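Working notes for the structure below.
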Amino acid sequence: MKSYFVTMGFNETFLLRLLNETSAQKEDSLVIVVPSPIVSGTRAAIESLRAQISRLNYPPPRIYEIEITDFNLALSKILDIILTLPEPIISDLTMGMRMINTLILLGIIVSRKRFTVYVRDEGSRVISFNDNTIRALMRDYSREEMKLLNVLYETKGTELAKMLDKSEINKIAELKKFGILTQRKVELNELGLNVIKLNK
Amino acid sequence: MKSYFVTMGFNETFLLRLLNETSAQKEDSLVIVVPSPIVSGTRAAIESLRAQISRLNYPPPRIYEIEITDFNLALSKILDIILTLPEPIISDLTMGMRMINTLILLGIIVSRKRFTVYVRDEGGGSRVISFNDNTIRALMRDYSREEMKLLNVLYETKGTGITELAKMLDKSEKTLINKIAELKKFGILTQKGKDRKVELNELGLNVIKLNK
RNA sequence: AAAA
């Protein structure tokens with residue numbers, strides 16, 4: 001079970017693609033935030049989405065309208081919605097107004113809930129990230145960790161154990177949860193490259 | 001001197017509006033990131049921009065072209081550009097590809113640099129929100145139980161002078177001043193009026209709402 | 001790539 005949290009523009013097909021790609025189920029939650037007032041294009045897109053959801057056995061959408069006047073007053077409404085969504089929260093920034101997508105994006109990050117955000121090339125190519133990515137980039141690494149990463153960066157991958165001079169691993173599984181390295185040779189991933197780049 | 005970091009689509013109007021609303025100077029770094037390869041509508045918007053920039057003594061744009069294969073690979077390239085921009089970084093995410101603007105936004109936050117982001121209304125309207133680095137750091141800060149006790153009081157009294165706050169919290173005014181100065185750095189409270197009553201602003205309300 |  002999961003939650004979809006998106007805004008809606010004039011084209012419901014972006015959301016239909018997201019719902020099928022991630023195998024949406026009826027038990028899931030679908031929450032659509034739209035600007036106030038609801039313009040004709042957005043309303044038509046919602047009715048078009050209702051008819052197509054009712055055929056495909058998807059979850060019924062809940063629609064929230066919010067005025068977009070102040071960054072904090074609008075974030076306040078986005079946050080109240082977010083605390084009512086069970087994790088993980090699936091989001092896609094390719095559709096709807098940029099202002100509202102910005103508030104959704106910032107809303108899930110500061111809420112510290114689990115999430116997966118997708119962003120597409122126009123509506124073919126696609127990139128994604130999650131709460132683990134953001135937390136791995138926002139983390140203040142200690143020097144025991146930082147100089148271990150810098151060694152892995154310079155050695156490119158127990159030969160490691162006789163460099164920092166320790167025993168022979170509990171920290172390895174801890175850093176594998178942050179997705180910054182893998183594991184035989186301990187291999188640093190691209191996310192770890194960004195880690196080191198942020199703290200050099 | 002400031003710096004501007006934006007991406008470009010087919011329309012330069014929002015960038016020229018940004019430059020006009022923030023009083024852009026010729027000594028500023030204007031940096032534009034575009035996808036690779038540069039398509040013809042983006043080449044045309046960039047030529048339309050340079051003509052108007054020269055006539056208004058705006059900064060000349062330095063243009064970088066980025067490939068976007070993977071999230072981490074593309075962010076890596078955005079960070080290289082960000083980490084050579086002088087602070088503060090002024091950005092406007094209402095233009096160009098959404099993928100690039102997401103990386104620009106995410107790149108700026110994690111670079112811990114100073115910034116102001118604008119996001120406008122596509123339909124041309126006057127609706128516009130903005131935020132800055134203190135905004136994000138405020139919402140993500142780990143607030144101690146003691147710090148939360150102080151914020152909870154300002155919400156229930158709606159403004160209280162330093163002397164009464166020190167009484168309500170069983171602390172010295174000397175130590176309350178230092179703590180109020182530290183919270184003021186994050187932008188979550190202000191102290192206006194001739195009575196110097198400490199008050200929670202809208203940002204402080206969101207901070208309190210996150211810890212319930 | 002201005003509710004794509």
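Chain letters run A, B, ... following the sequence lines, proteins first and then strands; every chain starts at 1. All values below come from the heavy atoms of this structure, side chains included, with hydrogens, waters and symmetry mates left out.
Looking at residues 92-102 of chain A, you'll see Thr94(A), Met95(A), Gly96(A), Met97(A), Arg98(A) sit with a heavy atom under 4.0 Å from some atom of RNA chain C. Interface residues of residues 116-124 of chain A facing RNA chain C, ordered by number: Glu122(A); criterion, heavy-atom separation under 4.0 Å.
For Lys2(A), the salt bridge (charged side-chain N to carboxylate O under 4.0 Å, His left out) test picks out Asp28(A), with sequence neighbours left out. With sequence neighbours excluded, the residues that form a side-chain contact (heavy atoms from CB on, under 4.5 Å) with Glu47(A) are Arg43(A), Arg50(A). Qualifying side-chain contact (heavy atoms from CB on, under 4.5 Å) partners for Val110(B), counting only residues two or more places apart in sequence or in other chains: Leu137(A), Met138(A), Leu198(A), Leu79(B). Scanning for salt bridge (charged side-chain N to carboxylate O under 4.0 Å, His left out) contacts around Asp70(A) gives an empty result, with sequence neighbours left out. Scanning for side chain to side chain donor-acceptor pair (under 3.5 Å) contacts around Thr157(B) gives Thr160(B), with sequence neighbours left out.
At whole-Å resolution of the value, CZ in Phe14(B) and P in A2(C) are 8 Å apart. Between the CD atom of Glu122(B) and the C1' atom of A3(C) there is a distance of 5 Å, given to the nearest Å. Rounded to an integer number of Å, the gap from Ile68(A) CD1 to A3(C) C1' is 12 Å. Atom CZ of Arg127(B) and atom P of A3(C) are 13 Å apart (whole Å). The distance between atom CG of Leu105(A) and atom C1' of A3(C), rounded to the nearest whole Å, is 17 Å. Atom CD1 of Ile104(A) is separated from atom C1' of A3(C) by 12 Å (rounded to the nearest Å). Following rounding to the nearest Å, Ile32(A) (CD1) and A3(C) (P) show an atom-to-atom distance of 18 Å.
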Can you give each donor-acceptor pair under 3.5 Å made by side-chain atoms of residues 83-90 of chain A, sequence neighbours left out, with the distance rounded to 0.1 Å?
residue: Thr84(A); atom: OG1; partner: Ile81(A); partner atom: O; Å: 2.5
residue: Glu87(A); atom: OE1; partner: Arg114(A); partner atom: N; Å: 2.5

Check: residues 188-197 of chain B side-chain donor-acceptor pairs under 3.5 Å, at least two apart:
residue: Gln191(B); atom: OE1; partner: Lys184(B); partner atom: NZ; Å: 3.0
residue: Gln191(B); atom: NE2; partner: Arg196(B); partner atom: O; Å: 3.0
residue: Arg196(B); atom: NH1; partner: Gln191(B); partner atom: O; Å: 3.2

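Ring geometry for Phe129(A) against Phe71(B) counts as parallel: the plane angle stays under 30°, on a 0 to 90° scale with 60° as the upper cut.
Base contact: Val39(B) has a heavy atom under 4.0 Å from a base atom. Across all strands, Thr7(A) comes closer than 4.0 Å to no nucleic acid atom at all (heavy-atom distances).
Under the 4.0 Å criterion applied to side-chain N and carboxylate O atoms, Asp142(B) and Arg112(A) are assigned as salt-bridge partners.
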